[PDB]
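Enquirer: Here it is, the structure, as structure tokens.
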Amino acid sequence: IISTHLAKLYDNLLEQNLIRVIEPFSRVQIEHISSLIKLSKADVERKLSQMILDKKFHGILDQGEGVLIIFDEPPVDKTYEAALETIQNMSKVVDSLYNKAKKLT
Amino acid sequence: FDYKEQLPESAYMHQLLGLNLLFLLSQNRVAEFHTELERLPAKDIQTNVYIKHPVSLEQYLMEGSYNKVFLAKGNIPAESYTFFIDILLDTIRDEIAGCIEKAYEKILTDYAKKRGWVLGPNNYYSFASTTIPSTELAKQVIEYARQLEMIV
Amino acid sequence: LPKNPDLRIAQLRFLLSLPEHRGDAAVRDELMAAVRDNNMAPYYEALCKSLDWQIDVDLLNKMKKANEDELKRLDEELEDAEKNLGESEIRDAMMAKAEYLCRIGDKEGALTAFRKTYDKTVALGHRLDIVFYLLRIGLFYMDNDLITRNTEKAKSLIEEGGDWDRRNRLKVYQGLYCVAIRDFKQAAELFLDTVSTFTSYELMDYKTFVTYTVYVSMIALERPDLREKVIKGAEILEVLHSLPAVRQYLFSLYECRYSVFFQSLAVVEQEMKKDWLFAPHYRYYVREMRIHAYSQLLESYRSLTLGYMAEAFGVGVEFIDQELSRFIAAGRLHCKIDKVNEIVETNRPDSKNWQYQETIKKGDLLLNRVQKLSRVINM
Amino acid sequence: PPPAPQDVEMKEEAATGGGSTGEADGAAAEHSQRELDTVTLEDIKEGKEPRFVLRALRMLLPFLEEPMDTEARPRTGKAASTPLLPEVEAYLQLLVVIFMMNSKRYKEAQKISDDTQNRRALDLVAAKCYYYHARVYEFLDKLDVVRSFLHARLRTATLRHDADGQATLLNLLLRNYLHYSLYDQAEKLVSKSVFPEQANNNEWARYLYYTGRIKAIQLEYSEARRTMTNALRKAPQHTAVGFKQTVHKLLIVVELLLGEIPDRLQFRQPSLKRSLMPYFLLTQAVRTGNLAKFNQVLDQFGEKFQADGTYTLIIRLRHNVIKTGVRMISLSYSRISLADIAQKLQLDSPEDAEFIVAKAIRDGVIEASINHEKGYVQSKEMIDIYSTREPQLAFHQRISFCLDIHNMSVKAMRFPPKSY
Amino acid sequence: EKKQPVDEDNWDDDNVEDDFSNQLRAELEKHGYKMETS
Amino acid sequence: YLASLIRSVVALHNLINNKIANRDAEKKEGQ
């Protein structure tokens, strides 16, 4: 569990890792701000795992980057509601098809 | 085309037919070229060497006839088409124009001099080769059409 | 419920095709089973298939007389139950005889032998048990029709009533069947009940079941649900503790150990081919996991040098190049390779604009449906 | 016992005819279609019928010409159009067909003199009598007398009412020669009409099939694919046994020629494999590019394609395979090494690969923009496809059409008859 | 239409098999051998 | 793009609704 704490400390340092990646647009694989190998298992290596899901919201480039992107327009309810409405409407259309087939024959 | 059940088959029929076929490719009526091909399914098959040369040429044309230009010529020097092959040969394809040469590739004089050079269009191949408001007018009409439907 | 058939025998029979050279390993136990439960038809089938056994069938025929004795006992007990005033005693006697037959062989045990018992069903639980017996025997011989019919019988009405253990057994049976088929989402979901699996006769033991559960989940399940279910499954954790290699394989992907992950993929592919009821799909499994690993690794990076992949994976570089090319061509991996520069990029997001793509996709189908309806109704 | 099935089945025809007559003066196209369907599925069901059709109202062969000779209009036309159904279904194939066509000619003479309730029932049953003409034809041989009469009747079709079966019959004449008659479709191009009513809805798909065929003959895949697919869309009926297998064969061979690689997971219908597996073999060979295997399968399955009127198409694809393969390579990468692609496609050498790429620049796979230098093959696909300006038209006009197709609405509110 | 003579367990998987039907010669294990040989 | 997306949605919905108010209700032969 101490190890988990150690990664937790790195997890706590993740905030400091947030510091390194909040002021600039990153673009520095030089981890001089912290104290770790420039390629310490893929740089800090937290960016990789962090980039998955619980992320700094960056893209990384593998040529030197870590550029934060900031997805400012994910929640556009247009798409979700339109898709759901189309699904239910096609269900209704199938129902009407059955009704018309039965009524005609 | 005439039924002509009595029509006695002659070796000329096959020879002459290929001449059209060879010419048809010459006049870049490729659609017509296949049209004739499908008219003689029993001829082409595997026999009828007379008409076998053009089809090989056509295949080479859809494939790289440019390299195979002289391969088919050497495949059979003559098939009673001594002149027939001549028209095709002198009608060298030049679709390769969509590329770069002339001190940019340098290979593919008289060709480099024809109509000044190559066939004439463009320039020296080494040196050869957004707006909403314009969209505004076109879109405006489209939008009204949708409204026009909602009239009645 | 009981070890009516021998899934071990079935596994040996299947595996006795390519590596049938080690007679000690498989043929000896098969003979033991043949001399056990009076399994006449199975060993006769195995005989006619490959081996003769010569003299070592007369003694089998001798126990056939023993089976005949049991068969004769049937008559006796039959009449004893038939003359007996009490009802359902004939039913129990003939059910026992049919059980002895089914261990003896498929056809005799199957069919009326059980169906007739299923005709007279005083007890709902008893007939549900007979249905389960039919399902098990059908699975042993890979009788898809029988499997479907038994499943329909169980889930249609036999399911009605309070029988929880029956529900668990039925869920496990459906899961195993779906595993035999190349559909994995259903199997992964159905193996949720890994907490309460008893020690079912069908499965060799708990370990094999958990191994199948982890395998199916690691394909069907998704990363969040992956960490939630398999990674935190207490009993799952104990089981994988029992089996080290599987544990390392599972954790390798989640913790992003890739070279060892590929070694695990190789060994598990070998085992997958070796086994029965799963082997026919090994190629699909391996290719799917390769696709998954590539997709996971590439997701983080918007750009990537193939040298990095080579380092992360095995040293070689041609393998990753050709595999990426193939999968890109197949339409997976949602990337775009490049040469000379030796870089790989990402592509459009699903929710960014592919929202519009999906909307148009669904709209096309809706439009076709409405058009056909209009044509039909418009006389 | 045999009479009872007949005694129950051959009497409802009288009720149907009574309804047809009653509505004749009402007028047609709203009741006729049901009677035509009943006629069809009676024909599939098919003695004493010639005697029972005796002059139903007053005020084999001798049975054929007895009624009108006896005490004697749309009903008369229908009776004259359905005395040949017995032999038709029985398909005696004897001269009795030569006894049947005169009834058709007499019916043709009868109907021509009529004229429009006739144009709404007799005109359409003219379609099935033409079907029988063609059947009676192919039984012996093709003939253009039907073609001449059809061409003459085109002008009448240009009158108040129009059926489109005539185009189908003209295509039948074309296909009779098949690969031999290619000027016929050249005519059909200009002679093409609208016939948008599509009232039959089966003639439309039928003609679309052969339109796709002729287009494919000239290798115009870009539109041949869509027309063939749309035709296949309009085929709700079973039409399985040897009916749609030809359409599928044509569509899949055309697609393979174009460059797309299909997979049997698409169709894999139970009643197709036995007849369509040769295409599976050839497509499997193509996807890889094993020329030796390709010629092996070709010479093994010499027939079928020869008998399916598609041998030439596969023979020409035998060299388009290279383009088919190169499509994928061009799609995958974004900056290709010419030598490497040459190795991948087992090409001769770098200049050959460069020439092949140039030949492939034409139209189709995303531009290559070969630089003729170290860049080799660029194949820089267009980017910015994000519902943004770059797909301004791309992701606007698509929706514009998808919504302008809402004319289904105006059709719907223009349909209600609301009788009385 | 008529007038036309001519004429998972086994489905939902043709694509997978055909895609690599040629391959599987290495079973990912000969692949491992070749890989380590590097 | 957003305006045209909602336009397509409303067009489809209007189509279905008007069809139902159509034949479903208009196709009453009533013997």
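Numbering starts fresh at 1 for the residues of each chain in the structure tokens, the chains themselves are lettered A, B, ... in the order given, and ligands are numbered from 1 as they appear.
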Residues of chain A near chain F: apply a cut-off of 8 Å, count only C-alpha atoms, and supply the list as a PyMOL selection string.
Expert: chain A and resi 78+82+86+89+93+96+99-100
Enquirer: Should the cut-off be 10 Å, what would the residue list for chain D against chain E look like, counting only C-alpha atoms, as a PyMOL selection string?
Expert: chain D and resi 131+135+202-203+205-206+235+237-246+262-266+268-269+271-272+274-276+284+287-288+304+307-308
Enquirer: Here is a test: counting only C-alpha atoms, which residue of B:107, B:85, B:71, B:40 is nearest to chain D?
Expert: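 Going through B:107, B:85, B:71, B:40 one by one, the smallest distance to chain D is for B:40.
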Enquirer: Hey, what's within 9 Å of residue 89 in chain B if we count only C-alpha atoms and toss same-chain stuff fewer than 2 positions away? As an MDAnalysis selection string, please?
Expert: chainID B and resid 26 69:70 73 85:87 91:92
Enquirer: Check the DSSP output for the backbone and give back, as a PyMOL selection string, the residues of chain A in helix (DSSP H, G or I).
Expert: chain A and resi 2-20+46-51+77-104
Enquirer: Compute the set of chain D residues within 6 Å of chain C, using only C-alpha atoms, and express it as a compact mmCIF listing (two decimals) with N, CA and C atoms, in the first residue's frame.
Expert:
# COMPACT_ATOMS: atom_id res chain seq x y z
N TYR D 333 -1.71 4.34 -46.54
CA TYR D 333 -0.59 5.21 -46.21
C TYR D 333 -0.94 6.67 -46.51
N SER D 334 0.04 7.55 -46.26
CA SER D 334 -0.06 8.95 -46.61
C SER D 334 1.20 9.49 -47.27
N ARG D 335 2.29 8.72 -47.29
CA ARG D 335 3.49 9.08 -48.04
C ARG D 335 4.21 7.77 -48.32
N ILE D 336 4.06 7.27 -49.53
CA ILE D 336 4.49 5.91 -49.86
C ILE D 336 5.86 5.95 -50.51
N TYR D 386 -14.84 17.99 -41.30
CA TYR D 386 -15.28 18.08 -39.91
C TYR D 386 -16.57 18.87 -39.78
Enquirer: Would you kindly return, as a ChimeraX atom specification, each protein, DNA or RNA residue with an atom no farther than 8 Å from any atom of residue 235 in chain C, considering only C-alpha atoms and excluding same-chain residues fewer than 4 positions away?
Expert: /C:194-195,239
Enquirer: Please produce a file of those selected residues containing C-alpha atoms, as a PDB file, in the first residue's frame.
Expert:
ATOM      1  CA  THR C 194     -18.772 -16.004 -10.949  1.00  0.00           C
ATOM      2  CA  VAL C 195     -19.432 -15.598  -7.224  1.00  0.00           C
ATOM      3  CA  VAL C 239      -8.706 -17.391  -8.631  1.00  0.00           C
TER       4      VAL C 239
END
Enquirer: Mind dumping a table of every chain B residue within 12 Å of chain F, with the nearest atom pair and its distance in Å to one decimal, using only C-alpha atoms, sorted by chain and rising number, as CSV?
Expert:
residue,atom,partner,partner_atom,distance
B:139,CA,F:4,CA,11.8
B:142,CA,F:4,CA,11.6
B:143,CA,F:4,CA,10.1
B:146,CA,F:7,CA,9.7
B:147,CA,F:7,CA,11.5
B:149,CA,F:11,CA,11.5
B:150,CA,F:11,CA,11.1
Enquirer: I'd like the contact shell of range 121-129 of chain B - 6 Å cut-off, only C-alpha atoms, skipping same-chain residues fewer than 4 positions apart - returned as a ChimeraX atom specification.
Expert: /B:100-104
Enquirer: Mind writing the picked residues with N, CA, C and O atoms as a compact mmCIF listing (two decimals), in the first residue's frame?
Expert:
# COMPACT_ATOMS: atom_id res chain seq x y z
N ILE B 100 5.23 15.33 -64.47
CA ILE B 100 6.30 16.33 -64.50
C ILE B 100 7.51 15.75 -65.22
O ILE B 100 7.89 14.60 -64.97
N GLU B 101 8.11 16.55 -66.09
CA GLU B 101 9.25 16.14 -66.90
C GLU B 101 9.99 17.41 -67.33
O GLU B 101 9.78 18.48 -66.75
N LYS B 102 10.85 17.28 -68.34
CA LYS B 102 11.48 18.44 -68.98
C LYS B 102 12.29 19.25 -67.95
O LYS B 102 11.94 20.37 -67.57
N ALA B 103 13.37 18.62 -67.50
CA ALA B 103 14.29 19.11 -66.47
C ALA B 103 13.73 18.85 -65.08
O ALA B 103 14.39 19.20 -64.09
N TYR B 104 12.55 18.25 -64.96
CA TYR B 104 12.06 17.71 -63.70
C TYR B 104 12.07 16.19 -63.66
O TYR B 104 12.25 15.62 -62.59
Enquirer: I'd like the contact shell of residue 55 in chain A - 12 Å cut-off, only C-alpha atoms, skipping same-chain residues fewer than 2 positions apart - returned as a list in words.
Expert: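 The neighbour list is residues 14, 15, 17, 18, 21, 46, 47, 48, 49, 50, 51, 52, 53, 57, 58, 59, 60, 66, 68, 69, 70 and 71 of chain A; 300 of chain C.
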Enquirer: For chain D, report every residue with an atom at most 9 Å from chain F (counting only C-alpha atoms), formatted as a PyMOL selection string.
Expert: chain D and resi 387-388+392+395-396+399-400+402-409+412-413+415-418
